[PDB]
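Heads up, the thing below is written out as structure tokens.
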There are 6 protein chains.
Amino acid sequence: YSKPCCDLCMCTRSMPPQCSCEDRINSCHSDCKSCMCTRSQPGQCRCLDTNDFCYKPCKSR
Amino acid sequence: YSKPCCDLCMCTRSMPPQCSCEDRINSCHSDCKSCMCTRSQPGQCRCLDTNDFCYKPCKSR
Amino acid sequence: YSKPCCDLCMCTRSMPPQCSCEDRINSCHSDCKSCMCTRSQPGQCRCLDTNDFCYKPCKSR
Amino acid sequence: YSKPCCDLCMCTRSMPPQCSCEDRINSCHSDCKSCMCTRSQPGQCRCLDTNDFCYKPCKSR
Amino acid sequence: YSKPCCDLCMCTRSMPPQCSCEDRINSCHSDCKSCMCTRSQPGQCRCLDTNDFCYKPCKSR
Amino acid sequence: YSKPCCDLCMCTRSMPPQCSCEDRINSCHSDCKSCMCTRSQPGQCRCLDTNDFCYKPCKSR
């Protein structure tokens, strides 16, 4: 869907923590602020945004 | 969901083609025959099965 | 070009050795026997063939 | 050669875009400004520079 | 040391399971039967052997 | 152990150089200043710190 979730998240062991995510084809989630893709068809995209929290796992699988 | 789809697929340039896929947490799709995971909680899994076709992209994103 | 070379090669510490390679867009080298690509435009390909020798580095860079 | 090209490029979905590239043994292209390699022989290098455009694919393969 | 351990292990969800491991510079563990390295100095090696069990984590870190 | 070493190091071809490292389960070395891990059990961690030198290879293997 367009709603924000994340399956693989990583955080730094600092306080507050700094965390990020994974891969989608053509577009990133609606909440993403800087999105990076491959110059190809279909393009494989990732979110580069960093927060002090992780989104919840994608509810499907 | 439990239904079979695939976002990143790769095939050999032979006839018939030999193709495979990507990553899920704890479990693989219902149609998967040999599934491999990391000894960790939560475990990150992948399907090793090979077909002569690709499933369609996950309908959500 | 169409000529066979390899930049990143890996071999098993057995006798005779078993060795393979890396990445190209749309097509593999002319000598490649089983070539695998991504269902996308432009497709990113790799050779899965195994020999008991490595090709020489690509002469360009 | 020494001339600047790129096979795998990625860009952020922002305006202007922010883009980067891939892998070479011992040295990066002549136009590269910050180049990073592995402490090994032969060393495997990558360019970390970021532009608002992508170079064209390497003309050979 | 020369003793056999493994930090990152992966297994198939079949019975009995089929499992493997990770990365070392110049040589693999003493128990490894097919070891694969990069044609470079120092070479980065991995074990390709498959068992129906995982070794224990490296005791150091 | 808790002592600082590094097996895979990479540096930029600038003066002074800017260098970093690799992977551990649950914790980073004692000298690490910003450490990033996966939200999972056991978590896989990496050091993001950058210096103008590389640590020496882990003395064990």
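Values in this text are rule-based calculations from the coordinates and carry no lab data. Quick reminder, even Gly has a Cβ in these numbers, built from the backbone with ideal geometry, and neighbours come from all protein chains shown.
Here are the numbers for this structure:
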quantity	calculated
Rg and Dmax [Cα atoms of the protein assembly as shown; Å; Rg one decimal, Dmax integer]	21.1, 55
Local net charge near B:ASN51, Cβ-Cβ under 11 Å (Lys/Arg +1, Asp/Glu -1)	-2
Label geometry 7 Å along the beta-carbon vector: D:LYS3 inter-copy distances in nm	1.7, 4.9, 5.2, 5.2, 5.8
Centre separation in Å (Cα based) which lies between chain A and chain C	32 Å
Simple spin-label estimate for B:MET15 and E:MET15 in nanometres, 7 Å along Cα-Cβ	4.3 nm
Cα-centre dipole for chain F with unit charges at Cβ (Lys and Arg positive, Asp and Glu negative), debye to 20	140 debye
Fraction of antiparallel bridges per DSSP, the protein assembly as shown only, in percent to nearest 5	100 percent
Candidate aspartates and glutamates - alpha carbon under 17 Å from E:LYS3, same-chain residues fewer than 8 apart omitted	E:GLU22, E:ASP23, E:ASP31, E:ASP49
Karplus-derived HN-Hα couplings along region E:18-26 (A = 6.51, B = -1.76, C = 1.60, θ = phi - 60°), whole Hz, x at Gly and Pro	10, 10, 9, 10, 9, 8, 9, 9, 6
Calculated from backbone phi, Karplus (6.51, -1.76, 1.60) coupling profile of region D:42-48 in Hz, x at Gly/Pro	x, x, 9, 10, 9, 8, 9
Computed over chain B: relative contact order in percent, which uses C-alpha pairs under 8 Å that are six or more apart	38 percent
Under 12 Å from D:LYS56, Cα to Cα: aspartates and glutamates that are on another chain or at least 8 residues apart	D:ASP7
